[PDB]
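Throughout, read-outs are computed from the coordinates displayed, never taken from laboratory work. Cβ atoms come from the backbone with ideal geometry, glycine included; neighbour counts cover every protein chain shown.
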Amino acid sequence: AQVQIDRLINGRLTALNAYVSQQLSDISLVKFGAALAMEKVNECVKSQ
Amino acid sequence: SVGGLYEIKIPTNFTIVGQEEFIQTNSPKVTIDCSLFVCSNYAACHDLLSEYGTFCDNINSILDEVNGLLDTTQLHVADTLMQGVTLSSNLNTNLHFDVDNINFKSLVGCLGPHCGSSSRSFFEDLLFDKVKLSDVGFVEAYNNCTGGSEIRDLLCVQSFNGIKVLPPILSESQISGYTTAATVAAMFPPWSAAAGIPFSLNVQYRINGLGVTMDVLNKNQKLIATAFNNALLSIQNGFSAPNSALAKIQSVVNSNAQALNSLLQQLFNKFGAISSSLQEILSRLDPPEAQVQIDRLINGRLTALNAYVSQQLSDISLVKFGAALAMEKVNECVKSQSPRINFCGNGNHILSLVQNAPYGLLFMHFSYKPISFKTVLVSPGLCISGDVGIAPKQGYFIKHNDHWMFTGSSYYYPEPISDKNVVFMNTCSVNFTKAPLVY
Amino acid sequence: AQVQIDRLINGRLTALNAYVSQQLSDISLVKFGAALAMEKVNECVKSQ
Amino acid sequence: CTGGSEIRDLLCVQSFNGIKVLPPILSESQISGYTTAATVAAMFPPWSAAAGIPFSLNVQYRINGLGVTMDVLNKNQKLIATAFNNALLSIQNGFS
Amino acid sequence: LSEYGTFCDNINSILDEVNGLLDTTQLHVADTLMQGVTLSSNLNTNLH
Amino acid sequence: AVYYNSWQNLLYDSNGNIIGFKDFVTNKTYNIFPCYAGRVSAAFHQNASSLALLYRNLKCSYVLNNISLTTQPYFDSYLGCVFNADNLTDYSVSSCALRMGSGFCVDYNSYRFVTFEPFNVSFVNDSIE
Amino acid sequence: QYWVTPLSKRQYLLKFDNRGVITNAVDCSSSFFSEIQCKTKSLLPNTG
Amino acid sequence: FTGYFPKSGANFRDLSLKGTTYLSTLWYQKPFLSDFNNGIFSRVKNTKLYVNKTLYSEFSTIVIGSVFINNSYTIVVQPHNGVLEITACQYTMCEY
Ligand SMILES: CC(=O)N[C@H]1[C@H]([C@H](O)[C@H](O)COC(C)=O)O[C@@](O[C@H](CO)[C@@H](O)[C@@H]2O[C@@](O)(C(=O)O)C[C@H](O)[C@H]2NC(C)=O)(C(=O)O)C[C@@H]1O
Ligand SMILES: *[C@@H]1O[C@H](CO)[C@@H](O[C@@H]2O[C@H](CO)[C@@H](O)[C@H](O)[C@H]2NC(C)=O)[C@H](O)[C@H]1NC(C)=O
Ligand SMILES: *[C@@H]1O[C@H](CO)[C@@H](O[C@@H]2O[C@H](CO)[C@@H](O)[C@H](O)[C@H]2NC(C)=O)[C@H](O)[C@H]1NC(C)=O
Ligand SMILES: *[C@@H]1O[C@H](CO)[C@@H](O[C@@H]2O[C@H](CO)[C@@H](O)[C@H](O)[C@H]2NC(C)=O)[C@H](O)[C@H]1NC(C)=O
Ligand SMILES: *[C@@H]1O[C@H](CO)[C@@H](O)[C@H](O)[C@H]1NC(C)=O
Ligand SMILES: *[C@@H]1O[C@H](CO)[C@@H](O)[C@H](O)[C@H]1NC(C)=O
Ligand SMILES: *[C@@H]1O[C@H](CO)[C@@H](O)[C@H](O)[C@H]1NC(C)=O
Ligand SMILES: *[C@@H]1O[C@H](CO)[C@@H](O)[C@H](O)[C@H]1NC(C)=O
Ligand SMILES: *[C@@H]1O[C@H](CO)[C@@H](O)[C@H](O)[C@H]1NC(C)=O
């Protein structure tokens with residue numbers, strides 16, 4: 001049972017690392033988008 | 001300060017310098033077939049790879065989304081190049097290539113659909129022939145994979161192992177057509193990409209805005225036009241020698257080729273198994289042990305794909321940043337001149353132009369470059385008449401022929417003080433030089 | 001001993017892969033911050 | 001890390017295990033020299049980092065551009081300069 | 001570890017590229033700070 | 001080949017793969033190349049009862065002679081052999097849901113292989129001088 | 001003259017020309033330069 | 001490639017010995033009598049002699065073994081002017 005469970009643990013942990021790496025990339029894009037939104041608020045809405 | 005005056009070096013002569021800047025706005029659209037990469041043709045591997053299930057669906061999905069982001073980015077760059085471009089139907093680039101002594105023949109390709117894909121400028125032709133693996137380069141390289149040639153092209157080995165670069169949704173010929181249209185939009189009426197005025201007048205007003213009197217600009221118009229097309233020729237000749245922009249363009253192709261070759265080399269890593277070859281494992285061991293060895297190769301190859309996909313996500317984020325910067329430079333340096341000092345290259349930026357480049361755009365920034373200087377004594381302000389203060393507009397006050405006169409800050413040409421080159425104050429600040437005899 | 005050392009090699013290589021992925025993601029934010037700092041130098045210190 | 005120190009620096013353990021931070025290509029002292037040059041470039045002629053005019057006049061014209069008449073702005077020059085250096089002192093004291 | 005092939009070469013290559021990006025970024029920031037800066041040779045730290 | 005000495009009969013690349021050999025019986029030399037492997041790029045529209053297939057970077061003669069024979073119409077496009085789509089590159093579309101690359105699109109009414117032109121210049125007939 | 005030297009199990013970088021002859025070789029663990037040559041798989045590594 | 005190779009930068013030893021009539025007993029001891037270990041690499045000069053302008057090839061014969069007694073096989077590599085005779089036999093090796 002330990003051998004079979006180790007295969008599942010390695011697969012599930014590998015998939016969790018892949019999801020975490022994808023989430024880091026997506027949040028970097030969200031930070032860039034939020035910076036652009038703050039620039040648009042300051043330079044299109046509050047001023048021209 | 002001696003009395004109320006300071007020593008300043010003011011230019012007495014100038015030239016126009018051209019500077020290249022390649023901004024990467026695109027990258028090769030790498031696709032992996034995860035099933036063909038991990039397992040090749042081997043049924044015993046495909047049976048095991050099915051038990052890893054959604055790992056190949058994630059590799060395929062993440063790269064399809066990444067390639068979709070690159071396609072959307074290319075459409076946004078093309079939309080930006082063509083935004084607000086209006087051209088006359090009477091425009092024929094074969095006859096219309098220079099105006100006001102400024103020559104754009106090298107920056108302008110043939111215009112209209114009658115040419116087909118020949119809408120590429122001499123400048124873009126000279127920039128594209130130095131890069132083998134452009135979009136057409138990849139298409140020609142993959143076309144030669146079934147030509148029966150004895151040459152073992154590395155791209156053919158990569159594609160047979162499921163690693164293939166797809167062409168962008170818009171060909172580089174279409175993008176060169178868009179940069180050509182954006183370039184001619186500045187040279188002829190309605191001048192939709194040059195503030196609605198003739199290109200030479202836009203260059204003259206941009207140089208005047210730096211603190212240069214209009215009197216020297218409208219009499220040195222031939223010298224300004226010759227300095228401008230000489231700067232353009234200097235940029236074109238700069239590609240025939242080791243160049244930072246051409247090296248940056250070649251770095252995109254070199255880094256992609258290095259990443260793809262590194263990914264292909266993962267098929268020869270043993271990952272602690274008896275061999276990196278599925279044929280050797282299946283010809284040496286029965287299913288009970290062959291499956292153990294094949295599982296080691298599956299974990300190693302899937303780990304290599306997750307690492308490559310993480311690297312590709314990071315690189316495409318940098319490409320999105322670079323494409324956003326290129327769109328901003330198009331809008332704020334080529335189509336218009338935004339009041340931002342070092343945004344459009346270094347120095348006294350006059351104007352910028354854009355040309356298509358492999359996987360990006362090449363910007364030519366033209367700057368006002370002083371040649372010789374005169375050290376003069378300047379006053380940053382004057383206290384005149386009934387203690388009224390005056391400050392110079394984009395210039396300085398000068399004692400010329402023992403009389404107060406004004407000069408531009410970027411060109412020494414003493415001219416009379418008037419409301420045209422002065423900011424008035426009801427009270428003069430302390431340390432403003434006293435001059436009761438002015439005006 | 002090879003079986004035990006192999007489990008350690010796989011764990012340690014997976015950890016390095018995860019750290020490298022995180023480092024790439026963090027350097028993207030550093031490049032973004034450096035671009036903003038160069039823009040602030042040019043548009044707030046050298047000029048307004 | 002090679003000194004006869006009884007204190008076990010965690011960085012030394014990391015470096016001996018292959019994890020080490022290399023210094024940047026330009027030392028922070030060089031960058032401090034560059035920020036110093038950029039700062040003095042606004043104080044004195046030719047004012048290459050202050051639009052080619054004295055720093056006090058650049059402050060005065062920048063405040064006037066916000067909608068402040070030049071009269072009160074040039075009659076209160078010492079009050080503006082003291083407010084400016086007091087703001088700088090407040091930034092310095094804020095790190096404590 | 002030698003039987004794993006290019007795993008450690010890939011880790012070293014990615015970190016070297018990340019560090020090259022940091023070095024190039026620091027040079028760009030320094031160039032931005034020093035761009036267009038002209039100083040008088042008569043400047044003295046002890047008097048001005 | 002002339003690189004095989006008396007004791008040599010196999011040619012290897014830098015990765016340890018067999019890429020050529022000298023037959024022990026006939027002394028004839030051969031190069032070994034991998035068999036063709038690739039993907040089919042299929043363009044599908046919800047309103048259609050079939051698919052438009054693109055064999056990227058492959059001539060139609062190669063597809064029919066070495067991959068598979070089919071009754072669907074075909075032609076050699078710039079991107080490779082295209083099946084079940086009319087060659088209409090002289091026509092253009094400003095919007096495209098099936099983007100095939102290099103300014104080419106698959107448009108469904110049958111499928112049409114058409115150029116993709118998302119942006120064009122606003123034209124006026126005013127004088128240039 | 002009968003010059004002899006001991007043999008040992010060593011990793012070498014072997015370079016073969018267009019006719020299959022070993023023209024050059026590098027003993028990878030012999031020196032620091034040999035280690036660079038074996039790491040880059042080339043006789044003349046790039047300046048770096 | 002990993003194989004049985006010399007260490008680069010190590011020292012070759014010229015173990016060839018030429019005599020005319022007398023043989024030194026010290027020639028048959030350490031360091032001439034050397035340990036084999038994994039193996040050896042030999043760079044041998046082909047001493048090209050001439051008799052009536054006719055070329056003759058000579059070089060030192062090498063023996064490889066353990067105890068050099070007829071209870072054991074000794075490998076011998078000996079030249080015969082263009083013919084390299086290689087044998088491995090239970091030879092009665094001489095003292096000298
Ligand atoms: C291992 C070594 O050191 N080898 C050298 C050898 C020995 O030192 C010597 O053999 C030891 O002797 C002991 C163990 O007692 O000396 C040699 O040189 C000799 C002079 O040193 C040589 O010129 C000979 O000189 C004669 O006077 C004589 O009999 O020695 C007349 C003879 O006709 C002539 N041989 C000819 C014509 O070849 C040689 O050969 O022998 C050169 C060898 O490299
Ligand atoms: C002023 O107008 C004239 C006439 O249109 C322009 O003269 C032409 O200039 C080109 C170079 O761009 C020459 O090759 C032509 O031979 C000239 N033609 C004639 C009839 O002279 C001139 O360039 C314009 N100059 C400015 C600064 O506006
Ligand atoms: C294939 O090539 C080999 C090598 O040249 C040939 O073998 C030689 O044959 C001749 C004639 O019998 C002998 O004198 C040599 O000693 C052989 N050399 C070796 C290494 O065996 C062989 O005859 C050739 N066979 C064919 C069908 O071409
Ligand atoms: C696909 O259609 C295009 C467009 O009709 C064909 O290209 C034209 O071919 C004719 C000759 O038959 C030439 O005169 C035109 O100049 C070509 N036009 C273009 C835009 O290149 C093309 O040959 C067709 N291909 C196939 C395999 O049917
Ligand atoms: C300006 O510089 C150029 C190049 O040195 C020279 O040809 C030209 O005559 C100069 N003009 C003046 C006004 O000094
Ligand atoms: C493709 O093959 C042809 C014919 O062998 C050759 O002329 C051409 O240079 C090759 N191009 C590429 C990119 O491989
Ligand atoms: C597809 O069919 C739907 C429903 O009839 C219709 O709304 C849509 O316009 C059709 N599109 C095309 C390309 O035929
Ligand atoms: C661009 O092309 C499309 C399709 O031919 C056409 O409908 C559109 O009107 C064109 N653009 C302009 C500005 O006319
Ligand atoms: C331009 O087009 C308009 C609208 O069709 C027409 O009235 C005018 O006469 C045209 N002028 C020329 C020179 O073609």
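See the values below:
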quantity	calculated
Residue in the range F:97-120 that is nearest to the other protein chains (Cβ to nearest Cβ), counting only those that are assigned to a loop (DSSP other than H, G, I, E, B) and more than 14 Å from ligand 4 (Cβ to nearest atom)	F:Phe119
Residue within the range F:64-86 that is touching an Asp or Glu at 6+ places or on another chain (Cβ under 7 Å) and either farther than 21 Å from B:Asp71 by Cα or more than 10 Å from chain B (Cβ to nearest Cβ) (or both) present	no
Looking only at the range B:222-242, and only at residues there that are crowded, with 17+ Cβ neighbours inside 10 Å and of a type in the set (S, T, N, Q), the one that is nearest to ligand 9 (Cβ to nearest atom)	B:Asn229
Residue that is farthest from the other protein chains (Cβ to nearest Cβ), among those in the range H:8-56 that are outside any loop (DSSP other than H, G, I, E, B) and of a type in the set (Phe, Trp, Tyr)	H:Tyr50
Every pair of residues 6+ apart whose Cβ atoms lie under 7 Å, when the first sits in the range G:1-16 and is more than 7 Å from chain H (Cβ to nearest Cβ) while the second is surrounded by fewer than 17 Cβ atoms within 10 Å (Cβ to Cβ) and not in a strand (DSSP E or B)	G:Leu13/G:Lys41; G:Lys15/G:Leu43
Among (1) within 39 Å of the chain's Cα centre (by Cα); (2) more than 23 Å from C:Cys44 (Cα to Cα), the one test that B:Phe343 misses	(2)
Considering residues of the range B:110-127 that are among the hydrophobic types (A, V, I, L, M, F, W, C) and within 25 Å of the chain's Cα centre (by Cα) only, the residue surrounded by the fewest Cβ atoms within 10 Å (Cβ to Cβ)	B:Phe122
Enumerated helices (runs of 4 or more DSSP H) restricted to the range B:1-98, each holding at least 3 residues that are β-branched (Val, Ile, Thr)	B:54-82
A:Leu29 within 23 Å of the chain's Cα centre (by Cα) and either closer than 18 Å to B:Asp295 by Cα or at the interface with chain B (Cβ under 9 Å from one of its Cβ atoms) (or both)	yes
Number of positions in the range F:41-67 that are part of a strand (DSSP E or B) and either exposed (fewer than 15 other Cβ atoms within 10 Å of the Cβ) or within 16 Å of ligand 7 (Cβ to nearest atom) (or both)	3
Total residues in the range F:32-57, condition away from ligand 6 (no atom under 16 Å from the Cβ) and either closer than 30 Å to F:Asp13 by Cα or of a type outside the set (A, V, I, L, M, F, W, C) (or both)	15
Failed condition for G:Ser34, given (1) within 7 Å of another protein chain (Cβ to nearest Cβ); (2) among the small types (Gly, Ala, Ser); (3) surrounded by fewer than 12 Cβ atoms within 10 Å (Cβ to Cβ)	(3)
Any hit, the range B:104-111, residues being farther than 19 Å from B:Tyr359 by Cβ and within 12 Å of chain F (Cβ to nearest Cβ)	yes
Which listed residue, of H:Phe68, H:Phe41, H:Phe12, H:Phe59, is closer than 30 Å to F:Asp13 by Cα, under 17 Å from the mean Cα position of the chain (by Cα) and surrounded by 13 or more Cβ atoms within 10 Å (Cβ to Cβ)	H:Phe41
Hey, F:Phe123 within 12 Å of another protein chain (Cβ to nearest Cβ) and in a loop (DSSP other than H, G, I, E, B) or not	no
Single residue of B:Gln19, B:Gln24 found to be farther than 30 Å from B:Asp286 by Cβ, out of contact with any helix residue (DSSP H, G or I) (no Cβ under 7 Å at 6 or more places or on another chain) and either more than 14 Å from chain F (Cβ to nearest Cβ) or surrounded by 21 or more Cβ atoms within 10 Å (Cβ to Cβ) (or both)	B:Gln19
Residue count, the range F:93-129 (criterion: within 25 Å of B:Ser88 (Cα to Cα) and more than 16 Å from ligand 7 (Cβ to nearest atom))	15
B:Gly137 being small (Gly, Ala, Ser), within 9 Å of chain F (Cβ to nearest Cβ) and in contact with a helix residue (DSSP H, G or I) (Cβ under 9 Å, 6 or more places away or on another chain)	no
The range B:250-268 residues that are within 14 Å of chain F (Cβ to nearest Cβ), paired with ones that are part of a helix (DSSP H, G or I) and surrounded by fewer than 17 Cβ atoms within 10 Å (Cβ to Cβ) (beta carbon under 8 Å, 6 or more apart)	B:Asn261/B:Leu154; B:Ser262/E:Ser13; B:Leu264/B:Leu154
Per-region count, the range D:77-87, residues out of contact with any helix residue (DSSP H, G or I) (no Cβ under 8 Å at 6 or more places or on another chain) and more than 14 Å from every other protein chain (Cβ to nearest Cβ)	5
The range F:20-33 - residue that is within 14 Å of another protein chain (Cβ to nearest Cβ) and surrounded by fewer than 15 Cβ atoms within 10 Å (Cβ to Cβ) and, of those, farthest from ligand 2 (Cβ to nearest atom)	F:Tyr30
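Here's the yes/no breakdown for (1) of a type in the set (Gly, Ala, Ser); (2) within 25 Å of the chain's Cα centre (by Cα):
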position	(1), (2)
F:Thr26	no, no
F:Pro34	no, yes
F:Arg39	no, yes
F:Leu51	no, yes
F:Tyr62	no, yes
F:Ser68	yes, yes
F:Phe75	no, yes
F:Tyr78	no, yes
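Rundown of residues vs (1) closer than 24 Å to B:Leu127 by Cα; (2) touching a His at 6+ places or on another chain (Cβ under 9 Å); (3) not in a helix (DSSP H, G or I), yes/no style:
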residue	(1), (2), (3)
B:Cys156	no, no, no
B:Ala181	yes, no, no
B:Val184	yes, yes, no
B:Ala194	no, no, yes
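Rundown of residues vs (1) of a type in the set (D, E, K, R); (2) over 30 Å from B:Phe37 (Cα atoms); (3) not in a loop (DSSP other than H, G, I, E, B), yes/no style:
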residue	(1), (2), (3)
B:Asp215	yes, yes, yes
B:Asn230	no, yes, yes
B:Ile235	no, yes, yes
B:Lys248	yes, yes, yes
B:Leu263	no, no, yes
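Per-residue answers, yes or no, for (1) farther than 26 Å from B:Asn356 by Cβ; (2) more than 14 Å from chain F (Cβ to nearest Cβ); (3) not aromatic (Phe, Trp, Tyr):
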position: B:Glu51; (1), (2), (3): yes, yes, yes
position: B:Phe55; (1), (2), (3): yes, yes, no
position: B:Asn60; (1), (2), (3): yes, no, yes
position: B:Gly68; (1), (2), (3): no, no, yes
position: B:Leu75; (1), (2), (3): no, no, yes
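Every residue, every condition in (1) small (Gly, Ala, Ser); (2) in contact with a helix residue (DSSP H, G or I) (Cβ under 7 Å, 6 or more places away or on another chain); (3) at the interface with another protein chain (Cβ under 10 Å from one of its Cβ atoms); (4) on the phi > 0 side of the Ramachandran plot, yes or no:
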position: B:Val388; (1), (2), (3), (4): no, no, no, no
position: B:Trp404; (1), (2), (3), (4): no, no, no, no
position: B:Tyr413; (1), (2), (3), (4): no, yes, no, no
position: B:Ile417; (1), (2), (3), (4): no, no, no, no
position: B:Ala435; (1), (2), (3), (4): yes, no, no, no
